[PDB]
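A single chain, nothing else alongside it, follows as structure tokens in the form deposited in one PDB entry.
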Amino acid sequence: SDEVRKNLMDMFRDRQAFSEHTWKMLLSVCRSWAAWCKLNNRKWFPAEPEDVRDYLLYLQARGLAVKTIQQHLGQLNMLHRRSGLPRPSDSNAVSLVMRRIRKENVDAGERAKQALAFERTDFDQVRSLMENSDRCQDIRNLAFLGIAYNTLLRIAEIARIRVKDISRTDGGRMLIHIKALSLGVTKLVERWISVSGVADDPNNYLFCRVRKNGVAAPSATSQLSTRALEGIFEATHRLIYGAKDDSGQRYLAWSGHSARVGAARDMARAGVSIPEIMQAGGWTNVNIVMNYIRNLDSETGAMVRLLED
């Protein structure tokens, strides 16, 4: 018990060993697991395999994804290893049930999802409606969509971009120190800069909030949240399609990764090689890229080519 107290003091002292997002997930899983334990009269710390098994089945019965059940077990495993206790995973009951849960959920037709593609057809269509707009929100949102599509940067990465992070290459194409922009997108990002006044301080983040009057507020210390960048994708989708489908299902509108998904797919349509599609978005594992471009005629495989010839 003193070994566990020490281990827990270790954890708090070296807090910064893990990111904020990891801690939030860790705390969220412990909350959920302790609530279940209380309601079901189980001990939450030293977690028993039989109780961890029951809780995993409860999570399945709640209709949670296999990958979610794995996060819960993964966090429980982490709390126990960092407390010097045995991990629930290393028990026969839990490894069997997890294996069981995996097979059953797949046969019920559970699908791993991914962002609705934001491609060229969409970016030309959005440009068609927003490019003649004098509205500061529209000018900011169009510049963001160009960067997202052109760079394939994640939303946290785009929110971090500073004015001083932007340089210039051949023909006057912008370059962002973390990717090079096209002439048309460089132009869009240029217009936003003028109407926003972000360049008036080099340490300012390129993207900032725009209030209801239409007036932008640059900041060197506050970034536009990733939630607001998802907001831009959603609102852009509503513009063209109106409110999204009923009952909270995921990826019914565009979101953060939509442009990454989309740019990958448009590269594949252009017969661009996977090894270089991977380099464009900074991918290292191919199972993610191939999952974005899997349903394209260019990716149909060798049997389809043999049968059609």
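Between two forms, the rigid core is the largest collection of C-alphas that superpose within 1.5 Å. Throughout, we count residues from 1 along the sequence that is shown.
- The modelled chain breaks after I178 and resumes at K179, leaving 10 or more residues of the deposited sequence without coordinates.
- Per the PDB record, of the two stretches 15-23 and 295-303, 295-303 carries the greater mean B-factor over its C-alpha atoms.
- Relative to its counterpart among 163-171 and 134-142, 163-171 has the higher mean temperature factor, C-alpha atoms as listed in the PDB entry.
- Taking only the listed residues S225, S128, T236, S89, the entry reports the highest CA temperature factor at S128.
- Reading the B-factor column for the CA atoms of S194, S95, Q71, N105 in the entry, the top value corresponds to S194.
- Annotation for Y58: CA B-factor lies in the lowest third of the chain's modelled residues.
- Per-chain ranking of the deposited C-alpha B factor places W36 in the lowest third.
- Among the modelled residues of the chain, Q114 sits in the middle third by CA temperature factor in this PDB entry.
- In the PDB entry, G256 places in the lowest third of its chain by CA B-factor.
- When the CA B factors of the chain's modelled residues are split into thirds, the value for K187 lands in the highest one.
Below: the form deposited in another entry, not depicted.
- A47 is the only residue from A253, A47, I69, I277 whose Cα shifts by 2 Å or more between this form and the one not shown, the rigid core being superposed.
- When the rigid core is held fixed, the Cα atom of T22 travels less than 2 angstroms between this form and the one not shown.
- After superposition on the rigid core, the Cα of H80 moves by 2 Å or more between this form and the one not shown.
- Comparing the forms between this form and the one not shown, the C-alpha position of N295 differs by 2 angstroms or more, with the core used for superposition.
- In summary, the C-alpha positions of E299 and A263 diverge in the other form, ending up at least 3 angstroms farther from each other than in this conformation.
- With a change of no less than 3 Å, the CA-CA distance between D297 and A280 is larger in the other form than in the form shown.
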